[PDB]
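Before any comments, here is the structure.
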Amino acid sequence: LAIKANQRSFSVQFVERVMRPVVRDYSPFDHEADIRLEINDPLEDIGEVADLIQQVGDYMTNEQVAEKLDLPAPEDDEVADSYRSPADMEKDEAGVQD
Amino acid sequence: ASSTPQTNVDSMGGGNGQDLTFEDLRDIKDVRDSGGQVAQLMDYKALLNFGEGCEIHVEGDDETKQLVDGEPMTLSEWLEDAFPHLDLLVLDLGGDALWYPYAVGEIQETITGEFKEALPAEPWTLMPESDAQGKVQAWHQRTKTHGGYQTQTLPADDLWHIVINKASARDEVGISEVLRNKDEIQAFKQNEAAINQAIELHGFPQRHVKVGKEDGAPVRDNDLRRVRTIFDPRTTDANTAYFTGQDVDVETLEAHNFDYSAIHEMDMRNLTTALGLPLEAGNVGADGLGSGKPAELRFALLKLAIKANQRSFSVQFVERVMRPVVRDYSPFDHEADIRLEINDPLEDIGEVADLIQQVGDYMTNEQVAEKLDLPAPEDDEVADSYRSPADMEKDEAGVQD
Amino acid sequence: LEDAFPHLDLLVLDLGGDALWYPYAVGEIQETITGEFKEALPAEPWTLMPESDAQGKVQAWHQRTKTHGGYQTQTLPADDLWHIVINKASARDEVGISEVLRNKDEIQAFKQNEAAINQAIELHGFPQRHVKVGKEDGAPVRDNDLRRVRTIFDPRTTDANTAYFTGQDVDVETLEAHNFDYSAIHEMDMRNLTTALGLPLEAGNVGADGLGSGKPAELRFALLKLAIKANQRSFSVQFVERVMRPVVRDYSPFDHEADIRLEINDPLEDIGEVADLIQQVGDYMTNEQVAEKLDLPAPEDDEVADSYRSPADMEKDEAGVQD
Amino acid sequence: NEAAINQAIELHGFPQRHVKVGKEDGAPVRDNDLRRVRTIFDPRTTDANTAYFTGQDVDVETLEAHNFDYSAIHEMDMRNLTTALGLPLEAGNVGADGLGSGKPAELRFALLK
Amino acid sequence: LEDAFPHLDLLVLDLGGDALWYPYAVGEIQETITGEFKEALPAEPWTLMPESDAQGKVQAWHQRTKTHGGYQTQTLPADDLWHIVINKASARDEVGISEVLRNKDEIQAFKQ
Ligand SMILES: [Mg+2]
Ligand SMILES: [Mg+2]
Ligand SMILES: [Mg+2]
């Protein structure tokens, strides 16, 4: 909680008074865009995340899983937005008698 | 059957404002500013109550949908745009309302038209003036300056104030938990100082050289100066040896053992319990209480206390800062069913996942997404279903399960 | 009623708190500037005392409040006030008992023993230096002589690694820290106070051997839950009967004789234990009964709400094959 | 027995300072002389790290806190009262070895039910 | 932004470290010899102190640095500098608190 409070306080402030001025002054983009910087939790357990994904992956889109699991989102938006696994969808290109 | 409430409210008008002087308020700041163990404990209280962040809900949000910036927003989208860093504001004000009798601030605008922010004010600088029915009718401000102090008064119309700790309903001015416990805080600091001074004197052995024969010739100060020069601990080293006549004795003041650990554990127990924290927050522990139903009770009590503070803050923040912002700067209905809710700091998502495995068959996909702290499904038809969205996708074809 | 009492969770904690401390919680019913119900508004319970008739019913309320001078006094006809009593001597007791006043002697005993320990730690918890000067049966040493010795041996200016050189006729004695079991006195005090206030020992940051385990644990936590249930039911009945029903008469188009219940949540539920139960015997519970135990909204369609097999199982029977 | 323990803790639970003044077999010290010594050694105005400087004919003795097992007296009293009122021992915030386990537990909870 | 801030993981650790030790992390925005953004460039926080207006906003920055003799002094318009405060007394506090100066007494006690 103390780390989260410090991280959010730094992140908001870094975006608002160094990233946004750079987007005004040196960039062809809109500086009013919804930029967030986020700073990683130092004490994550990826095994605890993997356990969670096994228990309730059936309620998470493939992008939500990739986000929690700290991976790039899937290549195709159609599978990224699906709930069932990308491996399960590939396995449904043919496949029989499971 | 009353418009004006017909029951009186114990107003100490003989005490001008409340009996809280600016010096009492500035002494709360002195405790907060000072650092060390007591300040860190009250920071842990703020972080438990408010550090896990927040979410805005509007009951029936979908029906609010309106073209604001020529494009669609519901009131939840508009409020999320209006209060973009609400997690910081909630931790700041929630902190202030735990230390001081209130958090307090003003509503600010852009140079013409739109809402800027809800802007806090330094709570030690401000005290309320109350009417005979206990309502704050004006705010009085004293601030440090180029000279000593400057003084200011404000009509209580564009300020807002949140009270967590209060004596009762009707109490619109609240209580500082610090001033309430000042005697216990003083006791803690005094015992800490007593231990530090006792370690300095008694925690370490000291050399006592005795010179001359007992019932023999007396030794004067100039004689002891030469002996001091020989036995000086400044220039002695670990493996120095001494050669003497029989009439020189190297005695020692032993380190006189006392249980400063138990005194610290006692002090910390007193302070943590006085501040309503569990003993564990003070880096101190107790036997048996770490286990079973004894553990379950104290952590249940902590979560109940947090829940009470969170609800008291959340209701009040909506009713006297979010709703006024919706009247003054917004195209939506201010009478809409807005709720702020502040996250439980001590959730176990593994326990939630275990629950969803056992009884997911009785929860809609939206109820599951809510418990699991995720966005609701994209299509309302699947959101409202009871069987998993992955199972419904699997039923686009699928065979021999 | 949910629209009439939007923040009832806060009101219940406020009044329930007051009715445990004081003999009663007490307050009034308020209206908007014309017409509608505003709120049930509490009043400061230390400021109000009831006047009882010969049959023990409260016939009037008497209020004393601090003011610009000393005190001002007020009297109210007990018609638009309402009051909740949790702790009472019996039925017929319409005025109730303060649990604090009832236990005042034990609270005093606790505070006295606490003060005694703090003073004992200050005097006896820390060793103190005793320098003795002069030879035994020798020349006497006067106060002005001890002032110079005090200046040498001053604990204020001494540091951890100071060394001393003396003639034979100076003795640096010590008052040891004289050991006493203040921890056991605290445990005893806390046991007395918690048991007097009907809380378990564990609430006081104090614990007991064996009592954390097995049937010994189960009994004390059962006793706590029974005491809570008794208070909750006593408050709930009374809140409905003498504030919610009057509001339903005076400001509502509904029947005040309707079967209203307020119920207050159990603080010590284990949702995992409930989920285990639903797995074992869900096959005997309707979907509404499951949703009630599990603390969820009832299903959207009454036909599925009233069914015994899961709503997910019924959805799965919209087609589905080869399970 | 409860009142007796509270009084015993007050008198015997805490150590007390005994300053003895004058030389043994020496000149006597009168009440007005002890009043001035009391003023020097007063526990009311003493603090944790006070130091004392004296001639040889002043002794700072102590009445140690004399150990007695008030916990066992409480456990005995509570066992007496709970059993007299037909409640299990556990109701009084007091416990017993072995009796929390197995058939020994099952009997007392069966009796209660 | 990923192209503009290629080593943000190091910058965040440097500034985040400074903003925990000192009342603020502080720095400037730098450009290539003509046109494009170079980097957000930190500055040594012990060398810089802010000047606050009556409303508590930093209106100028004041800099003292060691040199060939003793010290030289510099002043900057607070327009092209930027500064991050983690530890602060309240909102409105734009100058922040050093956690070290706050705990100096406890640090001295430890070392002694
Ligand atoms: Mg001689
Ligand atoms: Mg003589
Ligand atoms: Mg004589």
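Within each chain, counting starts at residue 1; across the structure tokens, chains are named A, B, ... in the order shown, with ligands numbered 1 upward in that order.
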(message) Any residue with an atom at most 9 Å from ligand 3 counts, using only C-alpha atoms and all ligand atoms. Which are they? Put them as a ChimeraX atom specification.
(response) /D:26-28
(request) List all protein, DNA and RNA residues that have any atom at most 12 Å from ligand 1, counting only C-alpha atoms and all ligand atoms, and write the list as a PyMOL selection string. (result) chain B and resi 212-219
(message) Applying 10 Å and only C-alpha atoms, which residues near residue 15 (chain A) remain after dropping the ones on its own chain fewer than 2 positions away? List them as JSON, numbers by chain.
(response) {"A": [10, 11, 12, 13, 17, 18, 19, 20, 21, 22, 34, 35, 36, 37, 38]}
(message) Please determine, counting only C-alpha atoms, which residue among B:186, B:3, B:357, B:76 has the shortest atom-to-atom distance to residue 53 (chain A).
(response)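 So, comparing all the options, the nearest one is B:357.
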(request) Would you mind listing what lies within 9 Å of region 79-92 of chain E as JSON, numbers by chain, with only C-alpha atoms counted and same-chain residues fewer than 6 positions away left out? (result) {"A": [6, 7, 9, 10, 13, 14, 17, 18], "B": [29, 32, 33, 89, 92, 96, 119, 120, 121, 122, 123], "E": [15, 16, 19, 20, 22, 23, 24, 25, 26, 27, 28, 29, 55, 56, 57, 59, 60, 61, 98, 99]}
(request) Tell me which protein, DNA and RNA residues are within 12 Å of residue 156 (chain C), counting only C-alpha atoms, leaving out same-chain ones fewer than 5 positions away, and put them as a PyMOL selection string. (result) (chain B and resi 197-198+200-201) or (chain C and resi 129+150-151) or (chain D and resi 49-51)
(message) To test your reading of the structure, identify every residue in chain D that backbone DSSP assigns to strand (DSSP E), and report it as a list in words.
(response)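 So, restricting chain D to strand (DSSP E), we get residues 16, 17, 18, 19, 20, 21, 52, 53, 54, 55, 58, 59, 60, 61, 62 and 63 of chain D.
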(request) Select residues of chain C: the criterion is any atom within 9 Å of an atom of chain D, counting only C-alpha atoms; output as a VMD selection string. (result) chain C and resid 109 113 116 to 117 119 to 137 140 to 143 146 to 147 149 to 150 153 to 156 175 178 to 182 184 to 185 188 191 195 200 to 201 208 to 211 213 to 217 219 to 220 223
(message) Please report the interatomic distance between CA of residue 162 (chain C) and CA of residue 206 (chain B) in Å with one decimal.
(response) 6.4 Å
Residues of chain C that have any atom at most 12 Å from an atom of chain E: could you tabulate them with the shortest-distance atom pair and the distance in Å to one decimal, using only C-alpha atoms, ordered by chain and increasing number, as CSV?
```
residue,atom,partner,partner_atom,distance
C:159,CA,E:112,CA,10.5
C:160,CA,E:112,CA,10.0
C:161,CA,E:112,CA,11.8
```
Write out the residues from the selection above, keeping C-alpha atoms, as a PDB file, in the first residue's frame.
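Once written, result39.pdb looks like this:
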```pdb
ATOM      1  CA  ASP C 159      28.101   8.635  28.008  1.00  0.00           C
ATOM      2  CA  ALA C 160      28.019   4.863  27.353  1.00  0.00           C
ATOM      3  CA  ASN C 161      31.824   4.391  27.426  1.00  0.00           C
TER       4      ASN C 161
END
```
(message) List the spatial neighbours of region 137-150 of chain B as JSON, numbers by chain - criterion: any atom at most 8 Å away, only C-alpha atoms, same-chain residues fewer than 6 positions off excluded.
(response) {"B": [17, 22, 125, 126, 127, 128, 129, 130, 131, 156]}
(request) Write out as a ChimeraX atom specification all residues of chain A that DSSP puts in helix (DSSP H, G or I) for this structure's backbone. (result) /A:2-25,46-59,62-68,77-80,86-91
(request) Quick one: everything within 12 Å of residue 72 (chain A), counting only C-alpha atoms, minus sequence neighbours fewer than 6 positions away in the same chain. Send it as an MDAnalysis selection string. (result) chainID A and resid 62:66 80
If you keep N, CA, C and O atoms, can you produce a file of those selected residues as an mmCIF file, in the first residue's frame?
```cif
data_model
loop_
_atom_site.group_PDB
_atom_site.id
_atom_site.type_symbol
_atom_site.label_atom_id
_atom_site.label_comp_id
_atom_site.auth_asym_id
_atom_site.auth_seq_id
_atom_site.Cartn_x
_atom_site.Cartn_y
_atom_site.Cartn_z
ATOM 1 N N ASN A 62 -8.739 -12.803 -23.647
ATOM 2 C CA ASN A 62 -7.346 -13.114 -23.910
ATOM 3 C C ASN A 62 -6.436 -11.900 -23.715
ATOM 4 O O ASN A 62 -5.318 -12.058 -23.239
ATOM 5 N N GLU A 63 -6.914 -10.686 -24.009
ATOM 6 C CA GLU A 63 -6.157 -9.486 -23.669
ATOM 7 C C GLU A 63 -6.056 -9.264 -22.156
ATOM 8 O O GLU A 63 -4.975 -8.951 -21.675
ATOM 9 N N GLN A 64 -7.137 -9.460 -21.390
ATOM 10 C CA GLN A 64 -7.077 -9.330 -19.937
ATOM 11 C C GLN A 64 -6.098 -10.338 -19.336
ATOM 12 O O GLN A 64 -5.332 -9.982 -18.442
ATOM 13 N N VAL A 65 -6.085 -11.576 -19.849
ATOM 14 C CA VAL A 65 -5.128 -12.584 -19.412
ATOM 15 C C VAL A 65 -3.704 -12.145 -19.740
ATOM 16 O O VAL A 65 -2.859 -12.154 -18.855
ATOM 17 N N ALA A 66 -3.442 -11.728 -20.983
ATOM 18 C CA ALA A 66 -2.123 -11.262 -21.390
ATOM 19 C C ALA A 66 -1.645 -10.083 -20.533
ATOM 20 O O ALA A 66 -0.479 -10.047 -20.147
ATOM 21 N N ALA A 80 -7.985 -11.644 -29.475
ATOM 22 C CA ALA A 80 -7.654 -10.854 -28.293
ATOM 23 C C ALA A 80 -8.897 -10.595 -27.434
ATOM 24 O O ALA A 80 -8.856 -10.693 -26.211
#
```
(message) What's the separation between CA of residue 2 (chain B) and CA of residue 242 (chain C), in Å to one decimal place?
(response)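 That distance, rounded to one decimal, is 16.6 Å.
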Distance table requested - region 38-112 of chain C against region 20-27 of chain C, cut-off 6 Å, only C-alpha atoms: one row per qualifying residue with the closest atom pair and its distance in Å to one decimal, ordered by chain and rising residue number, as a tab-separated table.
```
residue	atom	partner	partner_atom	distance
C:41	CA	C:27	CA	5.5
C:42	CA	C:27	CA	3.9
C:43	CA	C:27	CA	4.6
C:81	CA	C:27	CA	5.6
C:82	CA	C:27	CA	5.6
C:83	CA	C:26	CA	4.2
C:84	CA	C:25	CA	5.1
C:85	CA	C:24	CA	4.6
C:96	CA	C:23	CA	4.7
C:97	CA	C:23	CA	4.4
C:98	CA	C:23	CA	4.3
```
Just the selected residues (N, CA and C atoms), exported as a JSON list (two decimals), in the first residue's frame, please.
```
[["chain", "number", "residue", "atom", "x", "y", "z"],
["C", 41, "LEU", "N", -33.67, 11.50, 12.70],
["C", 41, "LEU", "CA", -32.53, 12.29, 13.12],
["C", 41, "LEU", "C", -32.21, 11.96, 14.57],
["C", 42, "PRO", "N", -31.02, 11.41, 14.90],
["C", 42, "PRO", "CA", -30.67, 11.11, 16.28],
["C", 42, "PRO", "C", -30.52, 12.38, 17.12],
["C", 43, "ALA", "N", -30.45, 12.19, 18.44],
["C", 43, "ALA", "CA", -30.15, 13.25, 19.37],
["C", 43, "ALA", "C", -29.10, 12.75, 20.37],
["C", 81, "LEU", "N", -40.63, 12.20, 19.29],
["C", 81, "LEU", "CA", -39.40, 11.47, 19.61],
["C", 81, "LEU", "C", -39.63, 9.96, 19.48],
["C", 82, "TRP", "N", -38.52, 9.23, 19.30],
["C", 82, "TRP", "CA", -38.47, 7.77, 19.33],
["C", 82, "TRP", "C", -37.20, 7.35, 20.07],
["C", 83, "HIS", "N", -37.21, 6.15, 20.66],
["C", 83, "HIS", "CA", -36.08, 5.69, 21.46],
["C", 83, "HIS", "C", -35.95, 4.17, 21.43],
["C", 84, "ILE", "N", -34.71, 3.68, 21.33],
["C", 84, "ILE", "CA", -34.39, 2.26, 21.23],
["C", 84, "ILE", "C", -33.59, 1.85, 22.47],
["C", 85, "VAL", "N", -34.03, 0.80, 23.18],
["C", 85, "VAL", "CA", -33.33, 0.25, 24.33],
["C", 85, "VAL", "C", -32.84, -1.16, 23.99],
["C", 96, "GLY", "N", -34.16, 1.31, 30.34],
["C", 96, "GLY", "CA", -32.92, 0.60, 30.04],
["C", 96, "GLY", "C", -31.77, 0.87, 31.01],
["C", 97, "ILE", "N", -30.60, 0.31, 30.67],
["C", 97, "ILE", "CA", -29.41, 0.28, 31.50],
["C", 97, "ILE", "C", -28.20, 0.70, 30.66],
["C", 98, "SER", "N", -27.36, 1.61, 31.16],
["C", 98, "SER", "CA", -26.05, 1.82, 30.54],
["C", 98, "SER", "C", -25.11, 0.68, 30.94]]
```
Find the residues of chain C that sit at most 7 Å from chain B; for each, write down the nearest two atoms and how far apart they are in Å, to one decimal. Count only C-alpha atoms. Sort by chain, then by number going up, and give it as CSV.
```
residue,atom,partner,partner_atom,distance
C:29,CA,B:1,CA,6.1
C:30,CA,B:2,CA,5.0
C:31,CA,B:3,CA,5.2
C:32,CA,B:3,CA,6.3
C:33,CA,B:3,CA,6.0
C:42,CA,B:169,CA,6.1
C:43,CA,B:7,CA,6.8
C:44,CA,B:168,CA,6.5
C:65,CA,B:10,CA,4.5
C:66,CA,B:10,CA,4.7
C:67,CA,B:12,CA,5.4
C:68,CA,B:13,CA,4.1
C:69,CA,B:14,CA,5.6
C:80,CA,B:1,CA,6.2
C:126,CA,B:258,CA,6.5
C:127,CA,B:256,CA,6.9
C:155,CA,B:201,CA,6.9
C:159,CA,B:200,CA,6.3
C:160,CA,B:200,CA,5.0
C:161,CA,B:206,CA,6.1
C:162,CA,B:206,CA,6.4
C:163,CA,B:207,CA,4.9
C:164,CA,B:208,CA,4.8
C:165,CA,B:209,CA,4.8
C:166,CA,B:210,CA,5.0
C:167,CA,B:211,CA,5.1
C:168,CA,B:210,CA,5.7
C:176,CA,B:256,CA,6.8
C:177,CA,B:258,CA,6.0
C:202,CA,B:294,CA,5.8
C:203,CA,B:298,CA,6.5
C:207,CA,B:289,CA,6.0
C:212,CA,B:294,CA,6.1
C:217,CA,B:293,CA,6.9
C:272,CA,B:355,CA,6.5
C:275,CA,B:358,CA,6.1
C:279,CA,B:358,CA,6.6
C:310,CA,B:361,CA,6.2
C:311,CA,B:362,CA,6.2
C:312,CA,B:387,CA,4.7
C:315,CA,B:387,CA,6.8
C:322,CA,B:400,CA,6.3
C:323,CA,B:401,CA,6.3
```
(message) Please compute the CA of residue 118 (chain B)-CA of residue 106 (chain B) distance, one decimal, in Å.
(response)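 Separating CA of residue 118 (chain B) from CA of residue 106 (chain B) is a distance of 6.0 Å.
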Could you give me, as CSV, every chain A residue with an atom at most 6 Å from chain B, plus its closest atom pair and distance in Å to one decimal, counting only C-alpha atoms, rows ordered by chain then number?
```
residue,atom,partner,partner_atom,distance
A:1,CA,B:51,CA,5.9
A:58,CA,B:390,CA,5.0
A:83,CA,B:390,CA,4.9
A:84,CA,B:390,CA,4.7
A:97,CA,B:400,CA,5.7
```
